[PDB]
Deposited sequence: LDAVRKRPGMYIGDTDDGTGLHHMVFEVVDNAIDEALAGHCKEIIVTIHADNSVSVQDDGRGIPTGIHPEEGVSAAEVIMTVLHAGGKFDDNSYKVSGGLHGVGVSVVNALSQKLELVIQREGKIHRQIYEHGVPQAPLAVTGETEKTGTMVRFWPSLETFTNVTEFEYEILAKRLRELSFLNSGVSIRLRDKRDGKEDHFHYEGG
């Protein structure tokens, strides 16, 4: 991840005009949609929290959690810490990031700061759902000037995306004012 840290703008775009910041959400959403697309009920929920973090939930199969035999850490950690630009870029540029994976009846949780995992991916409970959820807090050491998410920027893009991804339900929620949208196209 140090390559990204060294030159953030080569990976995420302009980190001062808001464009980079919103790219962060779109990269996460891209991964989520690819997760949702590989199930029948396909749903993703994009939430803008009051603390200016964003979470993206998918009801997919759940990112793989097994230990990667070469890297010696969970496959999820590898995905979040190695290398659309990849989710590891979002992680590298987040002051915090919380990963929650439901798979094989288990809840898996990990936390990152600035791309550095605070502990190994841990089974912390049980569940009968499946899916991956990523919530991130953009690094204010990187993103300057425009540091808060614009509901409308997200809405427009999610709506455009809905017509390309048939059968995928996409919900957008803004916890700062209670605004909500649901984009779900026919097919």
When the deposited sequence is counted from residue 1, which ranges lack any model?
84-101, 206
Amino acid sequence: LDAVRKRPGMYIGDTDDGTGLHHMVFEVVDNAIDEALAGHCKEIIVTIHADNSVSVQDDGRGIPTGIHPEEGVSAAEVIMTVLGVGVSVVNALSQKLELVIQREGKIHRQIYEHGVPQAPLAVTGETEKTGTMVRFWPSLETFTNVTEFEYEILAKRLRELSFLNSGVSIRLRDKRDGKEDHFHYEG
From here on, numbers count along this sequence of modelled residues.
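In this text, the rigid core denotes the largest set of C-alpha atoms whose superposition between the two forms falls within 1.5 Å.
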Rigid core superposition, C-alpha RMS per stretch in 9 other deposited structures of this protein: which comes out larger, 32-40 or 145-153?
32-40
Compare the mean C-alpha B-factor of 21-29 with that of 169-177 as given in the PDB entry, and name the stretch with the higher value.
169-177
Out of 125-133 and 35-43, which stretch has the higher average CA B-factor listed in the record?
35-43
Could you tell me which one of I111, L83, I107, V78 shows the highest CA temperature factor in the PDB record?
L83
Using the entry's values, work out which of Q57, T147, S162, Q118 has the largest Cα B factor.
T147
On the chain's distribution of Cα B-factors, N52 falls within the third called highest
